[PDB]
Amino acid sequence: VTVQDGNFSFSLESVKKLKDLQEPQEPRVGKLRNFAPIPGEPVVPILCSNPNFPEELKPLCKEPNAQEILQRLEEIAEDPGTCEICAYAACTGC
């Protein structure tokens, strides 16, 4: 079950730790992805600000809407919402 902002499934781990990432890829964590800070840091250099961000979102960083998507991802990363309950197409794999 991941958050999908289009035809690509994007997880909330790398995005949540996107603002503060300092370690190799981290699989599932016993902690809940709800401690993420507040969205509001639109950053997208040539590819992506975080040299190890949700690479699966590479396309998002190469798209002009990344500025609006990045923030959104950060919010959902700090809160499941309907995605976790498949209440909408926000989460795929349900």
# chains A, B, ... in the order shown; residues from 1 in each chain; ligands from 1
>>> residues_around(residues="residue 56 in chain A", least_positions_apart="5", cutoff="10 Å", atoms="only C-alpha atoms", output="VMD selection string")
chain A and resid 8 to 11 14 61
>>> write_last_selection(atoms="N, CA and C atoms", output="PDB file, in the first residue's frame")
ATOM      1  N   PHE A   8       2.386   6.220 -10.995  1.00  0.00           N
ATOM      2  CA  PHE A   8       3.588   5.637 -10.332  1.00  0.00           C
ATOM      3  C   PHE A   8       3.341   5.484  -8.828  1.00  0.00           C
ATOM      4  N   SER A   9       3.626   4.331  -8.283  1.00  0.00           N
ATOM      5  CA  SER A   9       3.409   4.124  -6.822  1.00  0.00           C
ATOM      6  C   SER A   9       4.588   4.697  -6.028  1.00  0.00           C
ATOM      7  N   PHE A  10       4.322   5.597  -5.120  1.00  0.00           N
ATOM      8  CA  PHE A  10       5.430   6.197  -4.321  1.00  0.00           C
ATOM      9  C   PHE A  10       5.231   5.905  -2.829  1.00  0.00           C
ATOM     10  N   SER A  11       6.237   5.387  -2.178  1.00  0.00           N
ATOM     11  CA  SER A  11       6.108   5.086  -0.722  1.00  0.00           C
ATOM     12  C   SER A  11       6.185   6.384   0.090  1.00  0.00           C
ATOM     13  N   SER A  14      10.908   7.302   2.265  1.00  0.00           N
ATOM     14  CA  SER A  14      11.899   8.280   1.729  1.00  0.00           C
ATOM     15  C   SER A  14      11.315   9.696   1.740  1.00  0.00           C
ATOM     16  N   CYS A  61      10.482  14.849  -9.489  1.00  0.00           N
ATOM     17  CA  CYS A  61      11.501  15.931  -9.383  1.00  0.00           C
ATOM     18  C   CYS A  61      11.791  16.524 -10.766  1.00  0.00           C
TER      19      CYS A  61
END
>>> closest_atom_pairs(of="range 5-83 of chain A", to="range 88-91 of chain A", cutoff="8 Å", atoms="only C-alpha atoms", output="tab-separated table")
residue	atom	partner	partner_atom	distance
A:5	CA	A:90	CA	6.9
A:82	CA	A:88	CA	6.1
A:83	CA	A:91	CA	4.2
>>> residues_around(residues="residue 77 in chain A", least_positions_apart="5", cutoff="10 Å", atoms="only C-alpha atoms", output="ChimeraX atom specification")
/A:3,11-18,32-39,71-72
>>> select_by_dssp(residues="chain A", states="strand (DSSP E or B)", output="PyMOL selection string")
chain A and resi 2-4+9-10+91-92
>>> select_by_dssp(residues="chain A", states="helix (DSSP H, G or I)", output="PyMOL selection string")
chain A and resi 13-16+55-61+66-77
>>> residues_around(residues="residue 44 in chain A", least_positions_apart="5", cutoff="9 Å", atoms="only C-alpha atoms", output="ChimeraX atom specification")
/A:49-50,61-62,66-67,70
>>> closest_residue(among="A:7, A:1, A:41, A:27", to="residue 74 in chain A", atoms="only C-alpha atoms")
A:41
>>> closest_residue(among="A:84, A:23, A:63, A:78", to="residue 43 in chain A", atoms="only C-alpha atoms")
A:63
>>> closest_residue(among="A:40, A:6, A:85, A:25", to="residue 54 in chain A", atoms="only C-alpha atoms")
A:25
>>> closest_residue(among="A:31, A:86, A:2, A:46", to="residue 59 in chain A", atoms="only C-alpha atoms")
A:46
